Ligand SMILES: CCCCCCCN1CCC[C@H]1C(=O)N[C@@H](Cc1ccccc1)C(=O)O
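The chain below stands alone, shown as structure tokens; this is the form solved without the named molecule.
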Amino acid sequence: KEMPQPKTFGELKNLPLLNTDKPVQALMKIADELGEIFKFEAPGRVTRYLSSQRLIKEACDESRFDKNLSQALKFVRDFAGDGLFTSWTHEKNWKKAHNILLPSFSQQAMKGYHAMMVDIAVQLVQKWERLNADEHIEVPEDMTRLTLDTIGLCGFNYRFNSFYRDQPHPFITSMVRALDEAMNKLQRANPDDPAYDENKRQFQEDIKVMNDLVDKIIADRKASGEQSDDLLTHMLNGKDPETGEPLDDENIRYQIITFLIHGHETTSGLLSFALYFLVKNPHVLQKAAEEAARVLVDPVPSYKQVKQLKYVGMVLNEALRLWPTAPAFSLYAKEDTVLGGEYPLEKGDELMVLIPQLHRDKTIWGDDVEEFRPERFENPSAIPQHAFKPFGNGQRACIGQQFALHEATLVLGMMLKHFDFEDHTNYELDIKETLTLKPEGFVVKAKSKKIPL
């Protein structure tokens, strides 16, 4: 079987097709025309984009395929190092950090982080309670303040105090700029061009700003001896079951930077898309609000009450179905293998899972794939294996899944309890693509139900 492939441009191959600010959406369009698999070549590289549950379930076989570091991840590694997200599975530090961190990220472990999550969530709610009549909310902007501050506090007991500032903490400014630079290098035709000397200089400065803060906090903690309810305390005290070794200080720093750079943007996007879909679907919003009011009966949510927000959970899963905020992951063939009984692959061949397209597979989800219908997830164990993959696959899946969902469910629950929301501009969905996805420029008005915290 010959494999479909979009337009080529001479020696540049398919590369010009991704000369756009929205490449994932462009690839979804190509997938719409070419089907479940297409080859994509650039000067000196080749990948194949998968879109069907049929082929993705095979790609998800860990005996056959392992996580690949995409070019995007190789650039992010310049500041995320050998943290979990940017490591090869066979690097010693991957398995070691994975073993140590798994217990710190369990559903049970979320009880320990809940109070800090509530701290920041209350700050968001109070911010919105305190807006004057003529004001509005910049949704992704505020969700980003929320998620960064939450990961800072739960991550290493540090307050960025984002809700006290117009200009973010310097660490945050550097982080966002470093992420942007790693992204720009993907579409940069002539990297050695002197017009990029300043970018390179700035990138090194921003890496230093991030390293200096995190290294200082780690050093301060070891000198103080203080024990906290945070990830840092877990990483300082944890020992690998296999070797009995703890993580060294540099790797701990990379883990912290990783939780921030990856966790903040994905979770902020999710909350933003969820609110977007709620305001665009009033009947669904009514059902979510009814549950929030019924369940969240105390001045602040308890850990247990968050799990009881069953419909809110479904709303978030349905937002992740339509716009999974980390929209792709990359795999390599471990050995020569045949995919789908039709496509021969050689050892090391690279595959890309196009998640938003997977989540629109009509053979799994039915015809109404574009409809926002949380009720799809009423019985979540009834959805076929490998049909729904917003958190990636297997041992290389999101270690932060329970953290992200606890945070998102808590915060969306509180928003729904405390406010009526208005799509005051009839916002037109504009999805900005970076390492992640977000609804750019999404704004609302929130009218308080005047319920005290």
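All residue numbers are counted from 1 along the displayed sequence.
The following text describes the form deposited with the named molecule bound, which does not appear among the structures shown.
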- prompt: Even though the named molecule is not shown here, does it sit in the deposited complex so that 122, 301 and 414 each have a heavy atom within 4.5 Å?
  reply: no
Exercise: residue 42 in contact with the named molecule in the deposited complex, heavy atom 4.5 Å: yes
message: How about residue 326 - does it come within 4.5 Å of the named molecule in the deposited complex, if we only consider non-hydrogen atoms?
response: yes
query: Just to confirm, residue 23 within 4.5 Å of the named molecule in the deposited complex by heavy atoms?
result: yes
message: At 4.5 Å between heavy atoms, is residue 273 in contact with the named molecule in the deposited complex?
response: no
- line: Only hit among 195, 338, 186, 297 for heavy atom within 4.5 Å of the named molecule in the deposited complex is 186
- line: Residue within 4.5 Å of the named molecule in the deposited complex by heavy atom, from 207, 285, 364, 352, is 352
- line: Of 29 to 37, 52 to 60, 422 to 430, 65 to 73, the segment with heavy atoms within 4.5 Å of the named molecule in the deposited complex is residues 65 to 73
